[PDB]
Amino acid sequence: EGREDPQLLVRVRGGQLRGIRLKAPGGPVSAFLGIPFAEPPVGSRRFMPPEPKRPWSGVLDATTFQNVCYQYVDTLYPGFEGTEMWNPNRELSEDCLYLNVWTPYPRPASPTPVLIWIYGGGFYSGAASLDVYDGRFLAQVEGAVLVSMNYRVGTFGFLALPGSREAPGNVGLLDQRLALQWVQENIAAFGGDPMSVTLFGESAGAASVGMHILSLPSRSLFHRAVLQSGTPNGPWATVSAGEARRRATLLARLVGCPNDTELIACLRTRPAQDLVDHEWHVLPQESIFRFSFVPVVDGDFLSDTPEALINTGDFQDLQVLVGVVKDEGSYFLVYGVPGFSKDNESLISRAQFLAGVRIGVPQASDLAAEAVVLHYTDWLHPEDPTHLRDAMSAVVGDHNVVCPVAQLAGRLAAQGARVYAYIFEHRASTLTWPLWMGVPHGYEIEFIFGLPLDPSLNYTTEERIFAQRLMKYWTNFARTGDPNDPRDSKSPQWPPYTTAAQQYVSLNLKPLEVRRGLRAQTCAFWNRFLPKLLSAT
Amino acid sequence: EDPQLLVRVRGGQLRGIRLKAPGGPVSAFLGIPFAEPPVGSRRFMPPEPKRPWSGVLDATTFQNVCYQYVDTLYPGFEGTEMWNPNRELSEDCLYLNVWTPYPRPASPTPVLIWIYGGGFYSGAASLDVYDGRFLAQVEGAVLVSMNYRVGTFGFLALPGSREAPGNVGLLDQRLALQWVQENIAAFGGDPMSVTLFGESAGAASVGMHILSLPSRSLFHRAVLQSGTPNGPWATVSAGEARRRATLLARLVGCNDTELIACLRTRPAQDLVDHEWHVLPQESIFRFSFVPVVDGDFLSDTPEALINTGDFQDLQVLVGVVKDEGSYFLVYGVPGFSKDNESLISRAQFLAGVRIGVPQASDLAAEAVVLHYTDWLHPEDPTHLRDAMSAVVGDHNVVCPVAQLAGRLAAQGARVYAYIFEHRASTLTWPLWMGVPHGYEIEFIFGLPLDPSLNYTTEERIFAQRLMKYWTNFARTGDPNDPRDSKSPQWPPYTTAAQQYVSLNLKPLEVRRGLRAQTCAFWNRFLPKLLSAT
Ligand SMILES: Cc1ccc(C(=O)NCCCCC[n+]2ccccc2/C=N/O)cc1[N+](=O)[O-]
Ligand SMILES: Cc1ccc(C(=O)NCCCCC[n+]2ccccc2/C=N/O)cc1[N+](=O)[O-]
Ligand SMILES: *[C@@H]1O[C@H](CO)[C@@H](O)[C@H](O)[C@H]1NC(C)=O
Ligand SMILES: *[C@@H]1O[C@H](CO)[C@@H](O)[C@H](O)[C@H]1NC(C)=O
Ligand SMILES: *[C@@H]1O[C@H](CO)[C@@H](O)[C@H](O)[C@H]1NC(C)=O
Ligand SMILES: *[C@@H]1O[C@H](CO)[C@@H](O)[C@H](O)[C@H]1NC(C)=O
Ligand SMILES: [Cl-]
């Protein structure tokens, strides 16, 4: 040391760190980027649970984001911002278990409520270093301590031969847990309060949060949780041990590998790209909103299905914020349902709707499919292309997010949790996806993190004010278990979601409007009737 | 003698009677025999034409009511008694009634023929709500109504037997239609313009005449109020008819010939006493002896026939009342009564769905319950009550009607559809029942025009509108007044726009889709489901 900035030097369990002073619109923040929290899970450690990072010597430079965990990269629309913004923005490597910290500058004087972000990406993709996950705005404007970690995705994170020692499954979730332990031991050195840790995540990140809620060793590592557009329950976030075994075995065959020990040993000799290049090929049916390698119900991390666990758990101690965007499903249609594209209006035919339902509900028998079609058909205009288009999107949206969220909120509420629910209805003026996609999956995130406060990003003034409201809701919830501003009454209030009143709020440019019932009739179909229908055919 | 009251028909001379309607006199000829009394060995048999008679047959009085069960659930109560027989019971009951204006029309006049309902187990053409004088006086109509055999006497069947072939109550109707062709011209009626109209089982009967070729040369237009030949209650298979007839026989102590012979020795009331005991399930809106798919009067099931028929020649007016189901709940479903608000629990609601949909599997009944529950208030007694009613009305009338309208329109027919939403100010059933099954009829027949019935002025004005639509439909096949040039008008029901009108105190309103989402469930999904279970 000596001639550097004394307000950026910090020590953690593993050694000394040097961070960097970043500019946010309203003033400086402290960033500590690319802190290793585990031994690199490379070589003989592929598919293995992470081990704690061994201490380093000297001052580790923590001024740049580290490698992105090895993953599939999206090529559907080359150079198109709407997809590229989700793509990896650092080198791909199996050596990727690093986390990031943003704090006020100078670091706070008294212990400060901590937010931990867990990114989504269907458990096959994602990075804590993407622009839309920039912690500088929350840190500066709200004083937050924000932590985001990389966790293994795809095969490296979730390939499992359940019961084996060399590929037990869920190691990507264990990566997340280790970072949560890391925060408990170390965040006080940044001025963070380890006794006030709130998780939040979107999509698969949201399901991840749900799984930490349902896994008792994680429960002592956080106090509050936010789930954006994702649930541990539902049709995509988990797979049985049997199906995980089948998928892992198939992928092995596809890449040359013929006793679990031998199979896995062969898999470890494969280049990481050979695994990625065959990842999408092990799905049992033509599907959208399905992902090959995801958490497995192993009887360990998850002692039973999420459905069983949320049905029979005590949650009096728990405060959760859950919600959805207006058009959860539209995004997914163009990655598989014939007739859909980002470059036209995607008006489809009844025939294409019927084919789309089979793809969006890949597990449905012919009867169950017909039930879906009859429910979502408008029988005053059963062949109107526009209606069939938006119905296809609603089928995928409802089945995958909105009704799993509706069930989660309902079960948690019935079992003592304090639940707050929202629907996010504002479409970013900057959005590059077509209008027909409305407010797609993932496009509330940039507002929660407060990107519109960045003048160079060309958001409107109203969007700027909006983002600020949202940042207050999330941070007030992190601080108190309550999104409402205590020092405020004039602004409309956000009631808890109950089973009796089923209240939730609209989040848009207008002030909070309280609504009752979260697709109540339609989710009764998905959550109550469909399972019995499938079970009888 | 008044020459206006003397008519000669092919069977001999009739004398009728002059009756007062609020705006003037009408000629009525009541109690005209159109068949040989279907008594003794002629029980369960096809009717035969009435033999000629000497002198002048007195036709100034309603004849006897076909032998039937009499309702006793609420003894003395106007709301039920108004449907009970108002003349003596007799198997000797095959007679019809004719109202015409006074004096007899000088031009041949459109004929309306009323077929009563009563679940094929009851009914009579002599009920006060079927009084034809108002239509005859105000609209100058010639109106005809016949008694037809009901219950075991009209529909007990041993398919394929000669002595109980089934459907004879429908042949009773057909013979009266033939009679009208042969004789109505003597009353001033136009045999070349005959419109059937009927309600509930009557509507269904009308529907079956549409689907039976020998009936088609006897009428030109049809009105089906709150009833269809398709659906769950209007017909039974040959096998199920055989089963019920055999069970009834067993129950009263009885080779087909020998079975039916013993049945013919049984006093009438002995059959009625066990009539309601041959149903396969604990049911409501389900009747023991109804038309049978004999492969003769009905060459195939009504759904097969309306699915394949050519109805380009046809004009039809069809409709429903607001609360088709309410009436029936108090006749079986625990929790329901006319004497309290019938607020039920969720348990009772599930229990009542099994009774309202007797043929549903566990899964199918769960589907009904899940579809009709308001999940914003899944346990609210008022919603559950009103939903129980809706299940029964939608399953049995509204969706069957919507299917018929749809298939007829798609296959060339000219269709007009309504929903009747005015509740009679004189109604004696409780408010929660709303506008029950049957309570449009008194308005169509023009009863409010009678000062002594204490209807309101607006209800009088409304009855005159309804009589206008119905008679205009009879004259032209189009219920719209060809002189009233003010919008809106009653548009044709089509498969595309699915337009129908509301009938109430306010001017016609045009709506689209007759419970389309809900009827898609009943008409399209449920049958896949019962089948798959
Ligand atoms: C190997 C592979 C490759 C593509 C898929 C696949 O389903 N692609 C469709 C696009 C999904 C959307 C991703 N996304 C975009 C923005 C914000 C969040 C998210 C994810 N939220 O969870 C699936 C696989 N696979 O699992 O085999
Ligand atoms: C032997 C018997 C006795 C009673 C029933 C039965 O279902 N009773 C319930 C009441 C039905 C409503 C009758 N009704 C009332 C006013 C206006 C029209 C109508 C009928 N429209 O069609 C059924 C049987 N049975 O069939 O065996
Ligand atoms: C939109 O484009 C896709 C791919 O180019 C195509 O499959 C689809 O038919 C198109 N739809 C319309 C309505 O142009
Ligand atoms: C904002 O608008 C300016 C106008 O010149 C443009 O140059 C810039 O690229 C825009 N930024 C974004 C993020 O769209
Ligand atoms: C209404 O009355 C009937 C019989 O009198 C009874 O069985 C039923 O429980 C009552 N309903 C209510 C809601 O009290
Ligand atoms: C009409 O009301 C009067 C009482 O004002 C009553 O005397 C008469 O009997 C009523 N008529 C009918 C048919 O109810
Ligand atoms: Cl005689």
# chains A, B, ... in the order shown; residues from 1 in each chain; ligands from 1
>>> residues_around(residues="region 349-364 of chain A", least_positions_apart="2", cutoff="10 Å", atoms="only C-alpha atoms", output="NGL selection string")
:A and (235 or 284-290 or 329 or 332-333 or 336-340 or 346-347 or 366-373 or 377 or 382-389 or 391-393 or 395-397 or 399-400 or 530-531 or 533-534 or 537)
>>> write_last_selection(atoms="N, CA and C atoms", output="short mmCIF file (atom, residue, chain, number, x, y, z; two decimals), in the first residue's frame")
data_model
loop_
_atom_site.label_atom_id
_atom_site.label_comp_id
_atom_site.auth_asym_id
_atom_site.auth_seq_id
_atom_site.Cartn_x
_atom_site.Cartn_y
_atom_site.Cartn_z
N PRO A 235 -43.59 -26.29 -13.30
CA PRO A 235 -43.23 -27.42 -14.17
C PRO A 235 -41.79 -27.44 -14.67
N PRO A 284 -37.01 -34.47 -23.23
CA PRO A 284 -37.89 -35.57 -23.63
C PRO A 284 -38.89 -35.21 -24.73
N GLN A 285 -39.33 -33.96 -24.82
CA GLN A 285 -40.22 -33.56 -25.92
C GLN A 285 -39.80 -32.22 -26.55
N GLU A 286 -40.31 -31.96 -27.75
CA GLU A 286 -40.33 -30.62 -28.31
C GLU A 286 -40.98 -29.70 -27.28
N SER A 287 -40.23 -28.75 -26.73
CA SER A 287 -40.78 -27.86 -25.72
C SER A 287 -40.19 -26.46 -25.74
N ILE A 288 -40.94 -25.52 -25.18
CA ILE A 288 -40.39 -24.25 -24.76
C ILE A 288 -40.58 -24.16 -23.26
N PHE A 289 -39.82 -23.25 -22.65
CA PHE A 289 -39.78 -23.02 -21.21
C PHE A 289 -39.48 -24.35 -20.50
N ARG A 290 -38.57 -25.13 -21.09
CA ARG A 290 -38.01 -26.31 -20.44
C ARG A 290 -36.49 -26.31 -20.59
N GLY A 329 -45.03 -14.86 -21.00
CA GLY A 329 -44.82 -15.90 -21.99
C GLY A 329 -44.31 -15.52 -23.37
N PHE A 332 -40.84 -16.49 -24.98
CA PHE A 332 -40.50 -17.87 -25.24
C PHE A 332 -41.05 -18.40 -26.56
N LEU A 333 -42.12 -17.79 -27.05
CA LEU A 333 -42.76 -18.27 -28.27
C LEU A 333 -41.82 -18.27 -29.48
N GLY A 336 -39.25 -21.35 -30.57
CA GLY A 336 -39.77 -22.69 -30.82
C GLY A 336 -41.16 -22.87 -31.39
N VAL A 337 -42.10 -21.99 -31.10
CA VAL A 337 -43.45 -22.19 -31.64
C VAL A 337 -43.58 -21.66 -33.06
N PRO A 338 -43.77 -22.56 -34.05
CA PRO A 338 -43.90 -22.12 -35.45
C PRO A 338 -44.96 -21.03 -35.59
N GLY A 339 -44.69 -20.01 -36.40
CA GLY A 339 -45.60 -18.89 -36.55
C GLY A 339 -45.13 -17.65 -35.81
N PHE A 340 -44.28 -17.82 -34.79
CA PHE A 340 -43.82 -16.67 -33.99
C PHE A 340 -42.43 -16.16 -34.38
N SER A 346 -46.68 -11.84 -35.80
CA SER A 346 -46.90 -13.21 -35.33
C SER A 346 -48.38 -13.61 -35.19
N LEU A 347 -49.24 -13.06 -36.05
CA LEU A 347 -50.63 -13.51 -36.12
C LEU A 347 -50.63 -14.96 -36.58
N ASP A 366 -53.42 -35.81 -24.89
CA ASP A 366 -54.31 -35.20 -25.87
C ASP A 366 -55.54 -34.56 -25.21
N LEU A 367 -56.08 -35.21 -24.18
CA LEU A 367 -57.22 -34.65 -23.47
C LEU A 367 -56.81 -33.34 -22.78
N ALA A 368 -55.70 -33.38 -22.05
CA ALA A 368 -55.26 -32.20 -21.30
C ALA A 368 -54.98 -31.03 -22.24
N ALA A 369 -54.43 -31.33 -23.40
CA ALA A 369 -54.16 -30.30 -24.40
C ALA A 369 -55.46 -29.66 -24.85
N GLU A 370 -56.45 -30.49 -25.15
CA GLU A 370 -57.75 -30.01 -25.56
C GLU A 370 -58.37 -29.14 -24.46
N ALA A 371 -58.22 -29.55 -23.21
CA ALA A 371 -58.72 -28.73 -22.11
C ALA A 371 -58.10 -27.33 -22.15
N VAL A 372 -56.80 -27.26 -22.42
CA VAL A 372 -56.09 -25.97 -22.47
C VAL A 372 -56.65 -25.12 -23.60
N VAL A 373 -56.77 -25.73 -24.76
CA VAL A 373 -57.28 -25.06 -25.95
C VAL A 373 -58.71 -24.55 -25.77
N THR A 377 -59.40 -20.57 -25.74
CA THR A 377 -60.11 -20.12 -26.93
C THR A 377 -61.15 -19.06 -26.59
N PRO A 382 -63.19 -17.73 -32.38
CA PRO A 382 -62.26 -18.85 -32.16
C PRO A 382 -61.09 -18.91 -33.17
N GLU A 383 -61.14 -18.06 -34.19
CA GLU A 383 -60.11 -18.10 -35.23
C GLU A 383 -59.40 -16.78 -35.48
N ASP A 384 -59.68 -15.78 -34.65
CA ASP A 384 -59.02 -14.49 -34.76
C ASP A 384 -57.53 -14.64 -34.41
N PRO A 385 -56.65 -14.34 -35.37
CA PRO A 385 -55.20 -14.48 -35.32
C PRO A 385 -54.56 -13.72 -34.16
N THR A 386 -55.07 -12.53 -33.89
CA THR A 386 -54.53 -11.71 -32.82
C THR A 386 -54.84 -12.37 -31.48
N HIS A 387 -56.09 -12.77 -31.31
CA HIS A 387 -56.45 -13.42 -30.07
C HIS A 387 -55.67 -14.71 -29.87
N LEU A 388 -55.49 -15.49 -30.94
CA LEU A 388 -54.81 -16.77 -30.81
C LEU A 388 -53.34 -16.55 -30.44
N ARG A 389 -52.76 -15.48 -30.98
CA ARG A 389 -51.38 -15.09 -30.67
C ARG A 389 -51.20 -14.80 -29.18
N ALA A 391 -53.18 -15.51 -26.77
CA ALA A 391 -53.57 -16.69 -25.99
C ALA A 391 -52.42 -17.69 -25.87
N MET A 392 -51.69 -17.89 -26.96
CA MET A 392 -50.50 -18.73 -26.93
C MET A 392 -49.51 -18.21 -25.88
N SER A 393 -49.29 -16.90 -25.89
CA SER A 393 -48.39 -16.27 -24.93
C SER A 393 -48.91 -16.44 -23.51
N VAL A 395 -50.86 -18.85 -22.41
CA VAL A 395 -50.74 -20.25 -22.03
C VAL A 395 -49.36 -20.52 -21.44
N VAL A 396 -48.33 -20.09 -22.15
CA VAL A 396 -46.96 -20.29 -21.71
C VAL A 396 -46.66 -19.47 -20.45
N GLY A 397 -47.15 -18.23 -20.41
CA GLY A 397 -47.00 -17.37 -19.24
C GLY A 397 -47.66 -17.89 -17.98
N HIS A 399 -48.90 -21.01 -17.28
CA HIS A 399 -48.52 -22.36 -16.89
C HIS A 399 -47.15 -22.34 -16.20
N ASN A 400 -46.29 -21.45 -16.66
CA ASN A 400 -44.91 -21.46 -16.21
C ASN A 400 -44.58 -20.51 -15.06
N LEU A 530 -55.96 -29.36 -13.90
CA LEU A 530 -54.99 -30.04 -14.77
C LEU A 530 -54.25 -31.21 -14.10
N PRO A 531 -53.74 -31.03 -12.86
CA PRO A 531 -53.03 -32.17 -12.27
C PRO A 531 -53.88 -33.43 -12.14
N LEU A 533 -56.42 -34.15 -14.09
CA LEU A 533 -56.68 -34.57 -15.46
C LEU A 533 -55.53 -35.40 -16.00
N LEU A 534 -54.31 -34.89 -15.82
CA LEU A 534 -53.11 -35.61 -16.24
C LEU A 534 -53.01 -36.97 -15.55
N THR A 537 -55.14 -39.76 -17.11
CA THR A 537 -54.84 -40.17 -18.50
C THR A 537 -53.34 -40.38 -18.71
#
>>> interface_residues(of="chain A", to="chain B", cutoff="7 Å", atoms="only C-alpha atoms", output="mmCIF file with N, CA, C and O atoms, in the first residue's frame")
data_model
loop_
_atom_site.group_PDB
_atom_site.id
_atom_site.type_symbol
_atom_site.label_atom_id
_atom_site.label_comp_id
_atom_site.auth_asym_id
_atom_site.auth_seq_id
_atom_site.Cartn_x
_atom_site.Cartn_y
_atom_site.Cartn_z
ATOM 1 N N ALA A 371 -58.219 -29.548 -23.209
ATOM 2 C CA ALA A 371 -58.723 -28.734 -22.112
ATOM 3 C C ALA A 371 -58.102 -27.327 -22.145
ATOM 4 O O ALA A 371 -58.803 -26.325 -21.957
ATOM 5 N N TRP A 379 -64.581 -18.088 -27.738
ATOM 6 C CA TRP A 379 -65.561 -18.790 -28.576
ATOM 7 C C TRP A 379 -66.484 -17.854 -29.343
ATOM 8 O O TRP A 379 -67.291 -18.307 -30.139
ATOM 9 N N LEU A 380 -66.332 -16.551 -29.129
ATOM 10 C CA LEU A 380 -66.939 -15.539 -29.997
ATOM 11 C C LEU A 380 -66.079 -15.251 -31.240
ATOM 12 O O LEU A 380 -66.553 -14.677 -32.219
ATOM 13 N N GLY A 517 -57.349 -11.037 -6.560
ATOM 14 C CA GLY A 517 -57.303 -12.222 -7.394
ATOM 15 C C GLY A 517 -56.231 -12.212 -8.463
ATOM 16 O O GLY A 517 -56.236 -11.375 -9.356
ATOM 17 N N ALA A 520 -57.345 -15.656 -10.866
ATOM 18 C CA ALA A 520 -57.931 -16.637 -9.963
ATOM 19 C C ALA A 520 -58.608 -17.801 -10.721
ATOM 20 O O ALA A 520 -58.277 -18.952 -10.456
ATOM 21 N N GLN A 521 -59.497 -17.520 -11.678
ATOM 22 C CA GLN A 521 -60.186 -18.607 -12.396
ATOM 23 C C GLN A 521 -59.219 -19.463 -13.200
ATOM 24 O O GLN A 521 -59.190 -20.686 -13.062
ATOM 25 N N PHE A 529 -57.233 -28.301 -11.467
ATOM 26 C CA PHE A 529 -57.846 -29.279 -12.355
ATOM 27 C C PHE A 529 -56.842 -30.054 -13.192
ATOM 28 O O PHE A 529 -56.874 -31.279 -13.198
#
>>> residues_near_ligand(ligand="ligand 5", cutoff="10 Å", atoms="only C-alpha atoms and all ligand atoms", output="list in words")
residues 330, 333, 334, 335, 336, 337, 338, 339, 340, 341, 342, 343, 344, 345, 381 and 385 of chain B
>>> residues_near_ligand(ligand="ligand 4", cutoff="12 Å", atoms="only C-alpha atoms and all ligand atoms", output="VMD selection string")
chain A and resid 81 85 131 429 to 432 451 to 452 454 to 460
>>> closest_atom_pairs(of="chain A", to="ligand 1", cutoff="9 Å", atoms="only C-alpha atoms and all ligand atoms", output="tab-separated table")
residue	atom	partner	partner_atom_place_in_ligand_line	distance
A:71	CA	ligand 1	1 (C)	8.0
A:72	CA	ligand 1	1 (C)	5.5
A:73	CA	ligand 1	3 (C)	7.6
A:74	CA	ligand 1	4 (C)	7.2
A:82	CA	ligand 1	16 (C)	8.4
A:83	CA	ligand 1	15 (C)	7.1
A:85	CA	ligand 1	16 (C)	8.3
A:86	CA	ligand 1	16 (C)	5.7
A:87	CA	ligand 1	15 (C)	8.7
A:119	CA	ligand 1	18 (C)	8.4
A:120	CA	ligand 1	22 (O)	4.6
A:121	CA	ligand 1	20 (C)	3.3
A:122	CA	ligand 1	22 (O)	3.6
A:123	CA	ligand 1	22 (O)	6.9
A:124	CA	ligand 1	26 (O)	5.4
A:125	CA	ligand 1	20 (C)	7.6
A:126	CA	ligand 1	19 (C)	8.0
A:154	CA	ligand 1	26 (O)	7.0
A:202	CA	ligand 1	21 (N)	7.2
A:203	CA	ligand 1	22 (O)	4.4
A:204	CA	ligand 1	22 (O)	4.6
A:205	CA	ligand 1	22 (O)	7.3
A:206	CA	ligand 1	22 (O)	8.7
A:229	CA	ligand 1	22 (O)	8.6
A:230	CA	ligand 1	22 (O)	7.8
A:276	CA	ligand 1	1 (C)	6.7
A:277	CA	ligand 1	1 (C)	7.7
A:278	CA	ligand 1	1 (C)	7.7
A:279	CA	ligand 1	27 (O)	5.0
A:280	CA	ligand 1	27 (O)	3.2
A:281	CA	ligand 1	27 (O)	6.7
A:282	CA	ligand 1	27 (O)	7.3
A:283	CA	ligand 1	27 (O)	7.0
A:287	CA	ligand 1	7 (O)	8.3
A:288	CA	ligand 1	7 (O)	5.9
A:289	CA	ligand 1	7 (O)	5.3
A:290	CA	ligand 1	7 (O)	5.9
A:291	CA	ligand 1	26 (O)	3.3
A:292	CA	ligand 1	26 (O)	4.2
A:293	CA	ligand 1	26 (O)	6.1
A:294	CA	ligand 1	26 (O)	8.1
A:331	CA	ligand 1	12 (C)	6.9
A:332	CA	ligand 1	10 (C)	5.8
A:333	CA	ligand 1	9 (C)	8.6
A:334	CA	ligand 1	9 (C)	8.2
A:335	CA	ligand 1	9 (C)	5.3
A:336	CA	ligand 1	9 (C)	8.0
A:440	CA	ligand 1	16 (C)	8.9
A:441	CA	ligand 1	17 (C)	6.3
A:442	CA	ligand 1	17 (C)	4.8
A:443	CA	ligand 1	17 (C)	7.8
>>> residues_around(residues="residue 412 (chain A)", least_positions_apart="6", cutoff="10 Å", atoms="only C-alpha atoms", output="PDB file with N, CA, C and O atoms, in the first residue's frame")
ATOM      1  N   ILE A 310     -43.844 -26.823   0.148  1.00  0.00           N
ATOM      2  CA  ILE A 310     -44.610 -25.601   0.386  1.00  0.00           C
ATOM      3  C   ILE A 310     -46.002 -25.929   0.927  1.00  0.00           C
ATOM      4  O   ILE A 310     -46.620 -25.090   1.573  1.00  0.00           O
ATOM      5  N   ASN A 311     -46.491 -27.146   0.681  1.00  0.00           N
ATOM      6  CA  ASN A 311     -47.804 -27.542   1.190  1.00  0.00           C
ATOM      7  C   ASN A 311     -47.761 -27.841   2.681  1.00  0.00           C
ATOM      8  O   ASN A 311     -48.734 -27.605   3.390  1.00  0.00           O
ATOM      9  N   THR A 312     -46.637 -28.358   3.161  1.00  0.00           N
ATOM     10  CA  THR A 312     -46.555 -28.819   4.546  1.00  0.00           C
ATOM     11  C   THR A 312     -45.482 -28.137   5.389  1.00  0.00           C
ATOM     12  O   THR A 312     -44.996 -28.731   6.343  1.00  0.00           O
ATOM     13  N   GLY A 313     -45.104 -26.911   5.050  1.00  0.00           N
ATOM     14  CA  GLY A 313     -44.081 -26.216   5.812  1.00  0.00           C
ATOM     15  C   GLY A 313     -44.606 -25.140   6.753  1.00  0.00           C
ATOM     16  O   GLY A 313     -45.663 -24.560   6.514  1.00  0.00           O
ATOM     17  N   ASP A 314     -43.868 -24.883   7.833  1.00  0.00           N
ATOM     18  CA  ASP A 314     -44.128 -23.728   8.689  1.00  0.00           C
ATOM     19  C   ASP A 314     -43.370 -22.508   8.154  1.00  0.00           C
ATOM     20  O   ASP A 314     -42.166 -22.582   7.891  1.00  0.00           O
ATOM     21  N   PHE A 315     -44.069 -21.389   7.991  1.00  0.00           N
ATOM     22  CA  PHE A 315     -43.448 -20.206   7.408  1.00  0.00           C
ATOM     23  C   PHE A 315     -43.795 -18.925   8.151  1.00  0.00           C
ATOM     24  O   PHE A 315     -43.720 -17.839   7.578  1.00  0.00           O
ATOM     25  N   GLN A 316     -44.156 -19.048   9.422  1.00  0.00           N
ATOM     26  CA  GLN A 316     -44.533 -17.885  10.217  1.00  0.00           C
ATOM     27  C   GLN A 316     -43.403 -16.876  10.327  1.00  0.00           C
ATOM     28  O   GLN A 316     -43.635 -15.671  10.400  1.00  0.00           O
ATOM     29  N   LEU A 318     -41.309 -16.069   8.125  1.00  0.00           N
ATOM     30  CA  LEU A 318     -40.840 -15.673   6.802  1.00  0.00           C
ATOM     31  C   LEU A 318     -41.583 -14.486   6.213  1.00  0.00           C
ATOM     32  O   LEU A 318     -42.797 -14.410   6.292  1.00  0.00           O
ATOM     33  N   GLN A 319     -40.831 -13.560   5.628  1.00  0.00           N
ATOM     34  CA  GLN A 319     -41.399 -12.485   4.824  1.00  0.00           C
ATOM     35  C   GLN A 319     -40.946 -12.572   3.375  1.00  0.00           C
ATOM     36  O   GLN A 319     -39.750 -12.629   3.090  1.00  0.00           O
ATOM     37  N   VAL A 320     -41.904 -12.575   2.456  1.00  0.00           N
ATOM     38  CA  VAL A 320     -41.582 -12.730   1.047  1.00  0.00           C
ATOM     39  C   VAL A 320     -42.280 -11.678   0.196  1.00  0.00           C
ATOM     40  O   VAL A 320     -43.411 -11.281   0.477  1.00  0.00           O
ATOM     41  N   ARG A 418     -45.641 -13.693   5.791  1.00  0.00           N
ATOM     42  CA  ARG A 418     -46.109 -12.393   5.342  1.00  0.00           C
ATOM     43  C   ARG A 418     -45.728 -12.247   3.884  1.00  0.00           C
ATOM     44  O   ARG A 418     -44.541 -12.158   3.562  1.00  0.00           O
ATOM     45  N   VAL A 419     -46.733 -12.242   3.005  1.00  0.00           N
ATOM     46  CA  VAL A 419     -46.521 -12.191   1.555  1.00  0.00           C
ATOM     47  C   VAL A 419     -46.979 -10.859   0.957  1.00  0.00           C
ATOM     48  O   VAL A 419     -48.049 -10.356   1.302  1.00  0.00           O
ATOM     49  N   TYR A 497     -50.634 -10.019   0.701  1.00  0.00           N
ATOM     50  CA  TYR A 497     -51.460 -11.015   0.046  1.00  0.00           C
ATOM     51  C   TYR A 497     -51.981 -12.011   1.082  1.00  0.00           C
ATOM     52  O   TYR A 497     -51.198 -12.634   1.793  1.00  0.00           O
ATOM     53  N   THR A 498     -53.301 -12.156   1.162  1.00  0.00           N
ATOM     54  CA  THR A 498     -53.916 -13.173   2.011  1.00  0.00           C
ATOM     55  C   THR A 498     -54.708 -14.157   1.176  1.00  0.00           C
ATOM     56  O   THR A 498     -55.052 -13.875   0.034  1.00  0.00           O
ATOM     57  N   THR A 499     -55.009 -15.310   1.754  1.00  0.00           N
ATOM     58  CA  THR A 499     -55.851 -16.277   1.081  1.00  0.00           C
ATOM     59  C   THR A 499     -57.275 -15.741   0.977  1.00  0.00           C
ATOM     60  O   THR A 499     -57.981 -16.023   0.016  1.00  0.00           O
TER      61      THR A 499
END
>>> select_by_dssp(residues="region 208-410 of chain B", states="alpha helix (DSSP H)", output="ChimeraX atom specification")
/B:208-210,213-216,238-251,256-264,268-275,302-308,326-329,346-356,362-372,381-393,399-410
>>> residues_around(residues="residue 260 (chain A)", least_positions_apart="5", cutoff="9 Å", atoms="only C-alpha atoms", output="number ranges by chain")
A: 161, 164-167, 265
>>> residues_near_ligand(ligand="ligand 6", cutoff="10 Å", atoms="only C-alpha atoms and all ligand atoms", output="list in words")
residues 426, 450, 451, 452, 453, 454 and 455 of chain B
>>> write_last_selection(atoms="N, CA and C atoms", output="CSV table (one decimal), in the first residue's frame")
chain,number,residue,atom,x,y,z
B,426,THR,N,-96.1,-10.6,-10.3
B,426,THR,CA,-97.1,-11.4,-9.6
B,426,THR,C,-96.5,-12.8,-9.1
B,450,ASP,N,-105.3,-9.1,-19.1
B,450,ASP,CA,-106.5,-9.3,-18.3
B,450,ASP,C,-106.3,-8.5,-17.0
B,451,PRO,N,-107.1,-7.5,-16.8
B,451,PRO,CA,-107.1,-6.5,-15.7
B,451,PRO,C,-107.1,-7.2,-14.4
B,452,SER,N,-107.9,-8.3,-14.2
B,452,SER,CA,-108.1,-9.0,-13.0
B,452,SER,C,-106.9,-9.7,-12.5
B,453,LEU,N,-105.8,-9.9,-13.3
B,453,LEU,CA,-104.7,-10.6,-12.9
B,453,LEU,C,-103.6,-9.7,-12.2
B,454,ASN,N,-103.9,-8.4,-12.1
B,454,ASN,CA,-103.2,-7.5,-11.4
B,454,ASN,C,-101.7,-7.3,-11.8
B,455,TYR,N,-101.4,-7.6,-13.0
B,455,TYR,CA,-100.1,-7.2,-13.6
B,455,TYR,C,-99.9,-5.7,-13.7
